[PDB]
Amino acid sequence: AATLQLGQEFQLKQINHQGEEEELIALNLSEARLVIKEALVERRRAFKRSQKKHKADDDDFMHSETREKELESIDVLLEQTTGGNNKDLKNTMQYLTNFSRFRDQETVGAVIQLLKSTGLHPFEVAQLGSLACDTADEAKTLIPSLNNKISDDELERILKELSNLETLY
Amino acid sequence: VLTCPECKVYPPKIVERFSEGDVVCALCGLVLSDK
Amino acid sequence: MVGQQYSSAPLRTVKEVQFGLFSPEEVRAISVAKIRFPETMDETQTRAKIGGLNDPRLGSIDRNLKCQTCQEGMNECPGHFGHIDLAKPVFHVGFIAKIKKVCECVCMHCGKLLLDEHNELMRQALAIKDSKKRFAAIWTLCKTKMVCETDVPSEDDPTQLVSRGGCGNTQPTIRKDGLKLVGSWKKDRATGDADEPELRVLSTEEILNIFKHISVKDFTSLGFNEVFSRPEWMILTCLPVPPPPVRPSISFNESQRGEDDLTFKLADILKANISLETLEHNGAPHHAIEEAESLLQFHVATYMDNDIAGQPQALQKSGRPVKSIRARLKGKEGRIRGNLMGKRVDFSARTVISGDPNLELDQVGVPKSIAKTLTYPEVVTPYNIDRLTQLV
Amino acid sequence: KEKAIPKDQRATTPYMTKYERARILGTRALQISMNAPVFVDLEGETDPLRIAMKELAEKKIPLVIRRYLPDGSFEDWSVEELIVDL
Amino acid sequence: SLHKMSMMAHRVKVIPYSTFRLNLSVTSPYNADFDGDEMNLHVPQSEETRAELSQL
Amino acid sequence: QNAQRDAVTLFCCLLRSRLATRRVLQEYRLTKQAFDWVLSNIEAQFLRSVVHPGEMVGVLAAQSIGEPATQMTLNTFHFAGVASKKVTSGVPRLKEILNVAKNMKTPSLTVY
Amino acid sequence: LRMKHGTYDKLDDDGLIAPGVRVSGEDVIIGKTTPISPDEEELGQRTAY
Amino acid sequence: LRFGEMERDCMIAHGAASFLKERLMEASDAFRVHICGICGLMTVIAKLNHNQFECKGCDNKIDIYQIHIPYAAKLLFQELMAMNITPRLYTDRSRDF
Amino acid sequence: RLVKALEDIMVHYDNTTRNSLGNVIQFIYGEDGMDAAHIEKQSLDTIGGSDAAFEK
Amino acid sequence: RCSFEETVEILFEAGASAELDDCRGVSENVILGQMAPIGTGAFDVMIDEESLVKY
Amino acid sequence: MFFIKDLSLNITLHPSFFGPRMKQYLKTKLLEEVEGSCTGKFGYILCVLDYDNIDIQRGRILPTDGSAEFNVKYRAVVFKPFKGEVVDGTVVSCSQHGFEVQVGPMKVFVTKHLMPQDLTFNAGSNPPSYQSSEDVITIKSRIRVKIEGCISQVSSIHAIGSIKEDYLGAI
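cryo-EM is the method the PDB entry states for this structure, with the resolution given as 4.6 Å.

The following block contains the structure:
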């Protein structure tokens, strides 16, 4: 999408099941990983509630000490919620976990606020949330849409602030 | 080449049933090709 | 459960059948093998010649090798289309009458309709939605205007003449002789020449050029369509070649292949085409070119319909007429009335009857062997597995 | 969903035709022969068609017939509320 | 098959010998006698088809 | 409503014809129980005579008309037994009716 | 190759059955063999012998 | 045995569509054909082992449909198309595209 | 020719009689909407007879 | 219409005029091997969830 | 690229599952068939939202086999790139012709003609990699690839990208 050619299937204006126009929603690695983790843990909780109906521990999964412990919790979650029949989901989740720029929800919200305060395109915002660039020109070349649309000083400020926001591992 | 996927015997033994339009393995009775 | 295979394409049901016509662009794009040679199988007499009538890219009917294009057996390959390029355009035997009728209704030079909105009769004709009656009325009205009018009286005032851009030339009178369309120019008596209509055989390329110049409003007015049914397409330039499923070869033995009539006719078509091409580039006299074009037109015309009125019938080497495509469909035993409305079936029997006063009213006695041959697919369930096991 | 007629404005016959009866019996017999659950007290029967008739007798077939008007609209009638002549 | 009543359903009974058997009162709708007439038998292959032959 | 009354007019006429008071009390001598039974049975047997939606009436009509047309050939020439009555009827007349021929064999006109 | 399912046993050495043998369904009574040129192959069906 | 036109008319008179459909297609000649969703033709090339579906003329690899039709209908359509006529099969929900 | 001409006529749920295009051939089948096999010959007693017999 | 006695000419004319067929008559559903709306085929059978759950 | 879309599917339920618990079987079928799939029209099917809010439609019993077909609509998060897209990813395998980069669930290949000559192939290194004056790219090295084209099949989508211009390579 160098020229923002998203096609009909991925138009900026989306028609939902309610028939009202909505802005197209784009999520980076951190947002998508958090959303899928939340959905999986909610589904696990629903499954446990259903099993209790037919017939505490969940706080430790979301709060992970380390990357390896997070990966182990992810494997347990996939075993208990997915069944192990979906390898592509495991690969995507591993790719999200290994290269997640931001682990905490508040920091991800800060990144979202910083990127979308200027009102840029959701594609550019998600790309900036996915890519960490040292210089504004590096991002502008690697994101041709950002060219001619954002001042270099603003892009440099955003990139430096995002680099500062990265939580040390 | 036409071989039975269950007997796995080479060379395959095959009988054609013309009056039924079938090709049948002569060991497991499996039907290979019809019409 | 048809095909003995699995595919991920969704099942659907046919709702509409939109007819139309090929453009030469479509014939070119669809085709996968430009047929080039008048031969089918190689000089080794073991494999088909590549680029011939039996090119492997079209498909195979035999049960051993698979199609080169899709790598599927003969029970799954539908068949793919070739195409043949013609030196000069040829009339399609099924639209000669419509071509002539639409030719007489349009100026031969400016390429426009002889009438316009000013006339009331044109308003009446353009008020009709039925295309057939509309075209019939427009033809029977405009067949008699041999001169294009440059100026027309205005509707608001008959004394005011408005120019419609007409060329003002004189249109001929067209007649049909065999496969040829011959025009006669009746020169105006004021020119000083005698009332002798000069005769000339109209060239197909000129008529094609005239038809290509017609506009969209005239497209709708005549009764054609912009997308599917342009009139320029009524004149052939490229001929599609049907896959071998349509013309299956019957092989008695390994080297005994009796080919279908359709492939023989197609081979003759290509032979005539290459002969005309090699005479075209050799600087031959015009008479030979005209004769070769006539022969090509004859072959292409009798390839589709072999019962044309007022012409000899294209015969086979044994003297029998060549079965064209039309004779395949028109008969009582043809496709429509012999393979699509009624057809032979499975799981059936036929036998003489007799009388039995001990049988009930709605009960039929079935012989033992006929009962041993026909079957029924019963499904194994908890209620029948014992009896079904004993049956097996 | 504009085509559907409200239940109050239903103007079709409240009896069920012979064609609808034959279609319903065939569908139910097929489903029973494909090991579907039976909603009635089977008593010594081993034929799916007869069990289909038995279920029809107590009006326990859980199916709905959609009737197509010529314009395109349709009318929905449950098998329970259709009068069957005997 | 000139009219509707020339194609009807029946229940089978397996018998010896090579002929079909009919009750002597259905020979009027079929316009058939027993001096050499042959008739045709078609077998359904499903439950819906069997129900159609039995209820229509 | 108008269509339905128009449909049931003649049957209502027959029903009024048969169930007149004098006919009931003097010709049939029905009691109250038998009268109720008759009314209920009449309504029930009427309600089961309507045509079932889905019936292919076109092929039924075509078969009904064209089956006797096959046997019509035999007795067409009975009017051939009268030489002075050479008027087309039978197979040729039906053929001419179906073709909507513009030149009949024997046109005629009857004036009162 | 392409032998028929009928019983060839009743045939004599001459390839012709002899009078007085109860033939039945799908049996063969005349044995006919066709030589084939080596360049003719049944699309891989034919073997070396 | 021939299941002619008179038999078809009698079965229509009775009103048994399912028997007619089973006799016509499942008992004589059933065929599965892939058709293009844009031009509505039978030109789609399908490699079933690799499930590769391609329409060469229209450059289509997504909108491709499976249809169950007799074999004589396919022959008729091909013979119609061999004379420069286009029987273009369409689907119920193809008007959205 | 007869059967081919009429083959596409069907009684609908509106009680009308139409064809494949939707054109109405009859606004009611038979003008009373009755099956052809539920109809017997009956005599209307009001038509005939003299006025004296009717009055009595 | 092409079913009887003028097949090829009607096909030619339909092609030349770009005629649209609707596939609702008996012959069009017999050619395409489908279920015509004829008697038992005049309606659709659907599952009622309410009664099924009620049991 | 991650996006939220509205999807629908037709699911056939076997007659043997016709009971009061049909909704549970439909939900299990949907979850087991849809999640993790790939569709060329919408890319890989990553996840489905609002599992409790699954929309359902009335059954329509097929006239041929008795299996009930249902139409199910939902909202899903999916991944699909576009021409000219630039994405970060992880090097999978190293070859002389170029390299392969995993991005999300997909693979984008780059041919040696699509990088500047400053990046030279080193085979003696363990593992073999591409070495330049400033950027070194190897296994588990974050690399930005500008995707140029994509090929879509039934079950997967492959991609081909180029890094021929500046500001590409190791980050």
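This part is about the overall build of chain B. Helix and strand counts for chain B come out as zero helices and three strands. Reading chain B from its N end, one meets helices and strands in the order β-β-β. Taken over the C-alpha atoms alone, chain B extends approximately 25 × 20 × 10 Å along its principal axes. Sequence-distant contacts in chain B: of pairs separated by 6 or more residues, those separated by 24 or more amount to 18%. Accessible surface computed for chain B: about 2800 Å², of which carbon and sulfur atoms make up 57%. The distance from the centre of the 4 positive side-chain charges to the centre of the 5 negative ones in chain B is 5 Å.

Our focus in this paragraph is the interface of chain H and chain C. Facing the 53 residues of chain H at the interface are 63 residues of chain C. Roughly 5800 Å² is buried in total at the junction of chain H and chain C, and carbon and sulfur atoms are behind 59% of that figure. Contact with chain C buries surface across chain H, with H:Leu1, H:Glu79 and H:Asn84 losing the most and accounting together for 13% of the total. Mapped onto the side of chain H that touches chain C, the elements with two or more residues apiece are β1 (2–3), α1 (5–14), α2 (17–26), β2 (31–36), β3 (45–47), β5 (64–69), α3 (71–81) and β6 (88–91) of chain H. Counting residues per element, the side of chain H that touches chain C draws most heavily on α3(H), which supplies ten residues. Looking at the side of chain H that touches chain C residue by residue, the classes come out as 27 nonpolar, twelve polar and 14 charged. Summarising the sheet, strand β11 (residues 343–344) of chain C and β1(H) pair through two bridges and their orientation is antiparallel. Across the sheet, residue C:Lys343 finds its bridge partner in β1(H), namely H:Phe3.

This part is about the side chain of C:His83. For C:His83, the position within the fold is in strand β2 (residues 82–91). Here C:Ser31 takes part through its side chain, which lies 3.2 Å from a polar atom of the side chain of C:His83.

All names here are of chain D. For helix α1 (residues 18–33), spanning 16 residues, the distance from its first C-alpha to its last is 22 Å, which sits close to the expected 22 Å at 1.5 Å a residue. The element α1 is extensively covered by neighbouring structure, given that 14 of its 16 residues are classed as buried. The residue sitting at the N-terminus of α1 and contributing the capping side-chain oxygen is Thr17; that oxygen lies 3.4 Å from the backbone nitrogen of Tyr19. In the segment just after α1, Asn35 is the residue with positive phi, at about 65 degrees.

This brings us to the sheet that holds strand β3 (residues 31–34) of chain B. All names here are of chain B. Strand order in this open sheet of three strands is β1-β2-β3, and the pairing throughout is antiparallel. Only two strands of the sheet have a single partner each, and these edge strands are β1 (14–17) and β3. Between one strand and the next, the sheet's axes are offset by a mean angle of 20 degrees, whatever the strand orientation.

Time to look at the interface of chain D and chain J. Of the residues lining the interface, 14 residues belong to chain D; the matching set on chain J comes to 13 residues. Contact with chain J buries surface across chain D, with D:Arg23, D:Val64 and D:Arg66 losing the most and accounting together for 38% of the total. Inspection of the chain D/chain J interface yields six residue pairs in polar contact. Contributions of two or more residues to the side of chain D that touches chain J are made by α1 and β1 (63–68) of chain D. Ranked by the residues each element gives to the side of chain D that touches chain J, the list is headed by β1(D), at five residues.

Glancing now at the UniProt feature "binding site: Zn(2+)" in chain B. Residue and element names in this part refer to chain B. UniProt tags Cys4, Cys7, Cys25 and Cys28 as "binding site: Zn(2+)". These annotated residues cover 25 residues of sequence, and their C-alpha atoms all fall within 8.9 Å of one another, placing them together at a single site. Structurally, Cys7 is set in the segment before β1. According to the relative accessible area criterion, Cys7 is partly exposed, its value standing at 27%.

Next up on the list: the pattern of salt bridges. Considering all chains together, one arrives at 56 salt bridges over all chains under this definition. Residue A:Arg101 pairs with A:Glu166 through a salt bridge whose shortest N-O separation is 3.5 Å. Taken as a pair, A:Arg101 in the loop between α4 (87–98) and α5 (105–116) and A:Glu166 in the segment after α8 (152–165) lie far apart in primary sequence, 65 residues in all. Given the relative accessible area of 7%, A:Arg101 is considered buried. A:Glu166 gets classed as partly exposed once you look at its relative accessible area, which sits at 27%. Between C:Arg47 and C:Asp42 there is a salt bridge, and its shortest N-O distance comes to 2.9 Å. Look at C:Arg47 and you get partly exposed, because its relative accessible area is 45%. One salt-bridge network, in which partners are shared between bridges, spans A:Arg33, A:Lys37, A:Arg67, A:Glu70 and A:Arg103.

Together, A:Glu38, A:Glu42, K:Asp50, K:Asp52 and K:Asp55 make up a negatively charged patch on the protein surface. On the accessibility criterion, K:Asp55 (33% relative accessible area) is partly exposed.

Turning our eyes to something else, we now look at the nonpolar core. Counting residues in hydrophobic clusters, the biggest one holds 81 residues, and the most contacted among them are C:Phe211, C:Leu266, C:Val300 and C:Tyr303. By residue number, the principal contributor to this core is helix α7 (residues 261–280) of chain C, which donates seven residues. Residues from two domains meet in this core; each of domain 1 (6–89 + 263–304) and domain 2 (90–248) of chain C gives at least three. Apart from the residues within four sequence positions on either side, C:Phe211 is in contact with C:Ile99, C:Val102, C:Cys103, C:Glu232 and C:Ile235. One finds F:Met56, H:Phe3, H:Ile12 and J:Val26 within the second-largest nonpolar core, a separate group that totals 44 residues.

All names here are of chain D. Burial runs high along strand β2 (residues 74–78): four of the five residues are buried. Where β1 lies against β2, five bridges are found, and the strand directions are antiparallel. Residue pairing in the sheet places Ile65 in a bridge with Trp77 of β2. Hairpin connection of β1 to β2: five residues between the antiparallel strands, including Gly72 at a positive phi of 140 degrees.

Here the focus is the environment of E:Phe34. Structurally, E:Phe34 can be placed in the loop between β1 (11–14) and β2 (38–42). Aside from chain neighbours lying at most four places away, what touches E:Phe34 is C:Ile353, C:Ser354, C:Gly355, E:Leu24 and E:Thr27.

Attention now goes to a nonpolar patch on the surface. There is a patch of nonpolar side chains on the surface, built from D:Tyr15, D:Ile83, F:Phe11, F:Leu15, F:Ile42, F:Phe46 and F:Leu47 and spanning about 540 Å² of accessible area. A per-element tally of the nonpolar patch places helix α3 (residues 32–47) of chain F first, with three residues. Mapped onto the secondary structure, F:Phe46 falls in helix α3. Judged by relative accessible area, which is 31%, F:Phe46 ranks as partly exposed.

A word on the packing of helix α3 (residues 67–81) of chain A against α4(A). Residue and element names in this part refer to chain A. Running from amino to carboxyl end, α3 crosses α4 at an angle of 160 degrees, the nearest separation of the two axes being 11 Å. Overall, the two elements α3 and α4 adopt an arrangement that is roughly antiparallel. The interaxial crossing formed by α3 with α4 has right-handed handedness. Residues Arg67, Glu70, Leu71, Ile74, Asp75 and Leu78 of α3 touch α4, and the partners they reach there are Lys90, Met93, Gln94, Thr97 and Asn98. Residues that form the contact of α3 with α4 fall into these classes: four nonpolar, three polar and four charged.

Where α1(D) contacts helix α1 (residues 47–55) of chain E, the axes come no closer than 8 Å and their chain directions differ by 145 degrees. Here the hand of the crossing between α1(D) and α1(E) comes out right-handed. Taken together, the residues of α1(E) that come into contact with α1(D) (itself represented by D:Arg21, D:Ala22, D:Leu25, D:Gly26, D:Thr27, D:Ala29, D:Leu30 and D:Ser33) are E:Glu47, E:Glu48, E:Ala51 and E:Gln55. For the contact of α1(D) with α1(E), the residue count by class is five nonpolar, four polar and three charged.

Moving on to the arrangement of the chains. The structure contains 27 pairs of chains in contact, of which chains C and H account for the largest number of contacts. The smallest C-alpha distance separating chain A from chain E is 37 Å, and no contact links them. Separated throughout, chain F and chain K approach each other most closely at a C-alpha pair spaced 17 Å apart.

Here is what the cut-offs are and how they apply
- Residues numbered from 1 in each chain as written, not as in the entry; some residues may be left out.
- Chains lettered and ligands numbered in written order.
- Part of a larger assembly, values for the part shown.
- Heavy atoms only, no water.
- Helix = DSSP H or I, 4+ residues; strand = E, 2+ residues; numbered from the N terminus.
- Contact = heavy atoms within 4.5 Å.
- Areas by Shrake-Rupley, 256 points an atom, 1.4 Å probe, with all protein chains shown as cover.
- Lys, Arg positive; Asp, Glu negative; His and termini not counted.
- Charge placed at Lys NZ, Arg CZ, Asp CG, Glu CD.
- Buried area = accessible area lost by both parts, 1.4 Å probe.
- Nonpolar A, V, L, I, M, F, W, Y, C, P; charged D, E, K, R; others polar.
- Pairing = 2+ DSSP bridges.
- Polar contact = N/O pair within 3.5 Å; in protein donor to acceptor, adjacent residues only side chain to side chain.
- Expected span 1.5 Å × (residues − 1).
- Buried < 20%, exposed > 50% of the residue type's maximum accessible area, 1.4 Å probe, protein only.
- Axes fitted to C-alpha atoms, helices over the stretch in contact; angles between N-to-C directions.
- UniProt positions renumbered as here; feature names shortened; annotations may be inferred.
- Salt bridge = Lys/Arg side-chain N within 4 Å of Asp/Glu carboxyl O.
- Patch = residues over 30% accessible without salt bridge, like charges linked within 9 Å, V, L, I, M, F, W, Y side chains within 5 Å.
- Core = buried A, V, L, I, M, F, W, Y, C linked by side-chain atoms within 4.5 Å.
- Domains from an automatic or database assignment.
- Parallel < 35°, antiparallel > 145°, perpendicular 65-115°, else oblique.
- Left-handed = near helix turned anticlockwise from the far one by under 90°.

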